[PDB]
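A lone chain, given as structure tokens: the form deposited in one PDB entry.
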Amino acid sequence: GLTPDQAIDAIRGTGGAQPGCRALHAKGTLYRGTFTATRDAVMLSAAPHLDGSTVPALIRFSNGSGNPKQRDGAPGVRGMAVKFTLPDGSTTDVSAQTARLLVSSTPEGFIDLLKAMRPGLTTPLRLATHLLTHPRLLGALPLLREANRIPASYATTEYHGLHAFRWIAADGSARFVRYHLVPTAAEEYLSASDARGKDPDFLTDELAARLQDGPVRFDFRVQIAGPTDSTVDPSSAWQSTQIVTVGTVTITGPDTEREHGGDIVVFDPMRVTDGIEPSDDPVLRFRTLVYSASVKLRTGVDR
């Protein structure tokens, strides 16, 4: 179907894939913190970072746009990606953003919507046409709106991993889960009016001041799949309400140790670890390949 390079082309054609920048989620900042799982998390997965010990956590908050100069006050998706360092030095990532469900069940559908939302030219028509070709999306309009809200702070909105992951415990038991990173701070958003007058990078200024005041916390919750919940379609709503907090990410300040010299920081949803396996999700599988392409472009090195 769609190839990694074609995805990058589509992204570039919409304003992303800027020189030296992540093709998408170009604008973002790194923060330092730690993660500690609840005592029962070990019953769900044998992953080392979920055994109750405290591990290092690198967090990047970003704007989904491919434009590194994207204004924070403009409508748009926000991202929160976390990289956990394990005892043996290896790392595992959790990638999440503001939409509750993926707009499409396939990489092809996603890219088509990305292009339909390209220049402001005839966007209304292009989007309308896309919707007629993608009925399911047309029936969840409120979710598309929710995904592009303007948060008062990166710390005052929630993020979702969307894809299902298979969590396997030491006893060999397994369950499929979807990731949700929820703030302990009250959720808060800005009106179009208030957002309009904000500085272009008001979210990073806000977060810097917020952290100076004290740590920021996000609870890591997993939604456990129900009997008819699809483990392969991230655009499909789940009926399960079996959602449990498995840990907390405590962020204490901006990072200054990473992305210097030749250090490359990439949050890949496929970077799992023992006790966690990716589902047969086509978008999930496609992402690692597209990210490798995006990284190669911004760094020059490939993997």
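Throughout, rigid core stands for the largest set of C-alpha atoms superposing within 1.5 Å between the two forms. One-based numbering along the sequence shown.
Of the two stretches 261 to 269 and 246 to 254, which shows the higher Cα B-factor on average in the entry? Comparing averages over the C-alpha atoms only gives 261 to 269.
Residue stretch of maximal mean CA temperature factor, 102 to 110 vs 180 to 188: Mean C-alpha B-factor is greater for 102 to 110.
Among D93, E158, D213, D171, which residue carries the highest C-alpha B-factor recorded in the PDB entry? Comparing C-alpha B-factors across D93, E158, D213, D171, the top value belongs to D213.
Out of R221, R196, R217, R175, highest CA B-factor residue: Max CA B-factor in the entry, restricted to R221, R196, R217, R175: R196.
Where does the C-alpha B-factor of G28 rank in its chain, lowest, middle or highest third? Middle third by C-alpha B-factor.
Among the modelled residues of this chain, does the Cα B factor of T231 put it in the lowest, middle or highest third? Middle third.
CA B-factor ranking of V295, expressed as a third of its chain: Middle third of the chain for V295's C-alpha B-factor.
According to the PDB entry, is the CA B factor of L289 in the bottom, middle or top third of its chain, that is, lowest, middle or highest? Its C-alpha B-factor belongs to the middle third of this chain's values.
Entry-reported Cα temperature factor of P48, expressed as the chain third it lands in: Middle third by C-alpha B-factor.
Below, we turn to the form deposited in another entry, even though it does not appear here.
If you fit the rigid core and then compare C-alpha positions between this form and the one not shown, only one of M117, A147, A74, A174 moves by 2 Å or more. Name it. The one that shifts is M117.
After the core is overlaid between this form and the one not shown, has the C-alpha of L86 moved by 2 angstroms or more? Shift of 2 Å or more: no.
Is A192 among the residues whose Cα moves by 2 Å or more between this form and the one not shown after superposition of the rigid core? Superposed on the core, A192 moves its C-alpha less than 2 Å between this form and the one not shown.
Does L127 shift between this form and the one not shown by 2 angstroms or more at the C-alpha, the core having been superposed? The answer is yes, as the C-alpha of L127 shifts between this form and the one not shown by 2 Å or more after core alignment.
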